[PDB]
Structure formats: C-alpha cells, structure tokens
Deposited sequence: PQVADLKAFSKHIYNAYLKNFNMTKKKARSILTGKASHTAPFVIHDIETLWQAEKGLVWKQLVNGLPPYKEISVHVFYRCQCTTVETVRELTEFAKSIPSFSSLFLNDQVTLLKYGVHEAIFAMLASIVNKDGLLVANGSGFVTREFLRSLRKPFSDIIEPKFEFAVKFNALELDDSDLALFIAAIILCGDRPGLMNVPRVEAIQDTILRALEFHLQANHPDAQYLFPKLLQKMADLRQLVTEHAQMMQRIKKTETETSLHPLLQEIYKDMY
C-alpha cells in the first residue's frame, strides 16, 4: 500500500464531499463577515436574511428558541451524515465491505467524525452556520434552557482543545477515515478486514503527519488518544439524547438519528 498515494486519495475525497473545509472556515473566522446570531432577534433576522440548506418551512412549527436551535443542529447533523456516507464510499476498501458492515461502521462512527470535524468551524466564542454566512455565539448557546444547553457545551470544550493540535484538512481527512474504519464497532461481520483497512489508514496518518508536521511532538499518539476521547464524548451525547426522548416528548427527533441511537448504551 503506497501511503502517499493513499493519503492524497483520501484528501481529495474529503475536498469533494465536504464543502466547508477548515481552510475556508479559518479564512472567514479571521477575515464577507458572518452575521452574528446571539439572541432571538438576531436569530429571527438570520432566518429571514441568510440562505440555509434546510428551508425553515420544512422544520417543525416554531415553539421556542431552544427547540428551534436543536432542530437546526439536527438538520446539519443529518446533512453531515450524508456527506460522511459519500466520503466513506469514496474509499475503495470500504465499498468492498458488504453493505451491512458499511452501515454498522457509519452507525457507530458518524457522530465521532462529526464532533471531530466541528472544531474546524469553531472558535472559543462560537461557530459558523449557514455555510459560513452566520456565526452563532457560544454564550447564546449556553443561554438555552436545559437540557439543550447541556448537550452543546461539551462539544465546544472538546473542539477548542482539538484545535490546539493545529491539524489541517489533509490531516483531518485521514483522521476521519480512521474513525469510520474502526474494527471495534458492535455487530461487525468482517472484523479482520475492517481492522486491516484501519491499520493502513493509521500508517498513512503517521506517514502524512511526519511530512506535514515535522516539528510536532507526539502528534500521532496525541491523535490516537483523541479517538478514544471522542468515543466517550459520543457515549455521553447518546445518553443525553435518550434522556431528551424521555423528558422532552414534544421535541421531534429525526428518524435517522433515532436509528443511530437505538441499541446504544
């Protein structure tokens, strides 16, 4: 396996399938400036004035700001699952797995990948929304009522720390691939094949980081630990979502996410 060619293929698949990259996000977040959403009035103005991928008339009828924000979060989550599915399938070895193992890997991997990619659009003060045309403040998200504020803040804590590693998109492409191709997922049929693919991706990641981050201390083992950390982040996330299902019975949960969280514990 030619690791340079492998890494380049997975980088190109990443650029092909994720419109918002860390490079683009950073060029916005550091200077057409985003519209800042920090309260009800600015959220309303942003719904009227910004271009959103999911049109608002498709979301459930507005009841309160915290639930509307949750629905916008769900929208973006589902859209990123679509992109991650196409990204994964752009990897030949992955598409060679039977479709049931592909689904198992995505089921248990997409939220780990999502929360790693989130750092790309985050800084300590907020995150980009609406394809970079809006910026929602972290203090506004903290202001939402429980339990919605509580499901947001841990992701910021993880993301700010993750951004201290200063990965670029070419690194992230391999890191995300390694998260999806994980031999540890429950119910996987061809564990040895998945473990073998994962191992090739990890070898490509170390090779790539050597070339791309020649001065970095311990970056490869630091990223292996981040993979473990993301497992814990998603465990806690799923536990919170299952609680929302029990205590917020009026709040809609997208059926795809329902399927994803079925049988998690």
- Note on the structure: Per the record, the structure omits deposited positions 1-3, 35-38
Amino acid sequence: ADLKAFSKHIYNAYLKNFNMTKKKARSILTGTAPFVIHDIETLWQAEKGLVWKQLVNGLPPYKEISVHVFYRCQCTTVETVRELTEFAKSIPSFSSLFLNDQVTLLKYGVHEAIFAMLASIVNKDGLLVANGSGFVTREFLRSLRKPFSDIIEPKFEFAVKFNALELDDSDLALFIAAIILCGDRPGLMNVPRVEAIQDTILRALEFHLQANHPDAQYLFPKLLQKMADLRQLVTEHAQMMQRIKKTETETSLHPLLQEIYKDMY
From here on, numbers count along this sequence of modelled residues.
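Rigid core (definition): largest C-alpha set, two forms, superposition within 1.5 Å.
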- Task: After fitting on the rigid core, pick out whichever of 86-94 or 108-116 shows the bigger RMS C-alpha deviation in 7 other deposited structures of this protein.
- Result: 86-94
- Fit on the core, then compare CA atoms: does 194-202 or 61-69 lie farther from this form in 7 other deposited structures of this protein? 61-69
- Can you tell me whether residue 53 lacks a model in a third or more of the other compared entries? yes
- Task: Would you please confirm whether residue 32 lacks atomic coordinates in a third or more of the other entries that were compared?
- Result: yes
- Task: Would you tell me which stretch averages the higher CA B-factor in the PDB entry, 160-168 or 173-181?
- Result: 160-168
- Comparing mean C-alpha B factor in the record for 78-86 and 141-149, the higher one is 141-149
- If you compare 62, 70, 220, 207, which has the highest Cα B-factor in the entry? 62
- Message: Between 225, 232, 66, 45, which one tops the list for Cα B-factor in this entry?
- Response: 45
- Task: Taking the values exactly as deposited, rank residue 97 by C-alpha B-factor within its chain and report the matching third: lowest, middle or highest.
- Result: middle
- residue 194 - Cα temperature factor, lowest/middle/highest third of chain: lowest
- Item | Ranked against its chain, the third holding the CA B-factor of residue 187 | highest
- Message: Where does the C-alpha B-factor of residue 203 rank in its chain, lowest, middle or highest third?
- Response: lowest
- Note on the structure: Here the Cα B-factor of residue 38, set against its chain, lands in the third termed middle
